[PDB]
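Below, in structure tokens: the form deposited in one PDB entry, a single chain.
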């Protein structure tokens, strides 16, 4: 299976940190087990002895090719040092301000990265295909325009995504809104997929697989599950979107949130020209039970020692594959909440989800 160094040239250094600072630090370790030879910028608390212990159980090692930082200033100074004095190109997962690093030191064209990930611009990347009823509306005209829409509908920035089923939901959304907004019909989906692809010049476009997104009825993220039953026309919709981005210079990993309705129509509701936590579930498939897999993340309830030791219990049982660990005790005992990203895997959904619930009960 592919690793990230297969996609990125030797001069690239990778950061998955968003520009909650502790949650952002926790994300720096997200890709460590798939990075291989790619150097990764990681918070010190994301690679303590606790991470080494978890990886050791499953026969993995922490990459030696990490650069660490411990606060905002050290993060920003490290980026400048690598680009200005070590001839590195920085591959970002999230938009960073120009004061941090001028565009000429980006591994991937910043203007293209912003355009590919701009939700208002989805129709450009699908060539007008795969769209629900959807309009981009300036905020001053929004309240009057929204009266023309039937429920259920979705409001997105052009607060986060606001799914509205009725007038009460809409009035709450309007209060939170008070330059542009996306209004979209809420599709009554029978399936969703996050379909993922990689590209490099030597490899061409490669389909990596797909994960289902677990979301509540308001779209809030509750994890990702494995799936091998992706319809060919869903894969092809994703491949077309990938090719559109690649043709303008995209390289690396991308994932597309594709919904399918009861008539098998495909809707592209979110394009992520960047990777996510579930990319690791696809690329580590050789080490996971294929029966059922669920990727998610968890926070300490307070006692970081009990959090870690409960995690270690389940890792040693073999049900729980550790991906990332932010050690809040790096700041002092229980001063900051530890955080953990992982894959539950096993023979069936029933047994795996029972293990997850047992773990959550043991924590609380």
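Superpose the two forms; the largest set of C-alphas matching within 1.5 Å is the rigid core. Residue numbers count along the first chain shown, from 1.
K.L.:
For the stretch from residue 178 to residue 179, please bin the deposited residues that the model skips: none, 1 to 3, 4 to 9, or 10 or more.
P.N.:
Gap between residue 178 and residue 179: 4 to 9 residues without coordinates.
K.L.:
Indicate whether the chain is continuous between residue 158 and residue 159 or, if not, how many deposited residues are absent from the coordinates: none, 1 to 3, 4 to 9, or 10 or more.
P.N.:
Missing residues, residue 158 to residue 159: 4 to 9.
K.L.:
Using the B-factors recorded in the PDB entry, average over the C-alpha atoms of 253-261 and of 164-172, then report which stretch comes out higher.
P.N.:
According to the entry, 164-172 carries the higher average C-alpha B-factor.
K.L.:
Compare the mean C-alpha B-factor of 23-31 with that of 299-307 as given in the PDB entry, and name the stretch with the higher value.
P.N.:
It is 299-307 that shows the higher mean C-alpha B-factor.
K.L.:
Just to confirm, going by the entry's C-alpha B-factors, which of 280, 213, 93, 81 comes out highest?
P.N.:
Comparing C-alpha B-factors across 280, 213, 93, 81, the top value belongs to 81.
K.L.:
Hey, out of 323, 315, 38, 47, whose CA B-factor is highest in the deposited coordinates?
P.N.:
Answer, based on the entry's C-alpha B-factors: 38.
K.L.:
Within this chain, which third does the Cα B-factor at residue 197 fall in: lowest, middle or highest?
P.N.:
CA B-factor rank for residue 197: lowest third.
K.L.:
What third of its chain's C-alpha B-factors does residue 206 belong to: lowest, middle or highest?
P.N.:
CA B-factor rank for residue 206: middle third.
K.L.:
Just say lowest, middle or highest third for the CA B-factor of residue 117 relative to the other modelled residues in its chain.
P.N.:
Its C-alpha B-factor, which the entry lists for residue 117, ranks in the lowest third among residues of this chain.
K.L.:
Can you tell me whether residue 273 has a C-alpha B-factor in the lowest, middle or highest third compared with the other modelled residues of the same chain?
P.N.:
Within its chain, residue 273 is a lowest-third residue by C-alpha B-factor, going by the deposited values.
K.L.:
Consider only the C-alpha atoms of the modelled residues in this chain, order them by B-factor as the entry records it, and name the third containing residue 58: lowest, middle or highest.
P.N.:
For residue 58, the deposited C-alpha B-factor lands in the middle third.
Just so you know, the form deposited in another entry exists too; it's not on screen, but the next bit is about it.
K.L.:
Relative to the superposed core, which single residue of 165, 207, 105, 94 shows a CA shift of 2 Å or more between this form and the one not shown?
P.N.:
With the rigid core fitted, the residue that moves is 165.
K.L.:
Taking 2 Å as the cut-off, check whether the CA of residue 222 shifts that much or more between this form and the one not shown after a rigid core fit.
P.N.:
Shift of 2 Å or more: yes.
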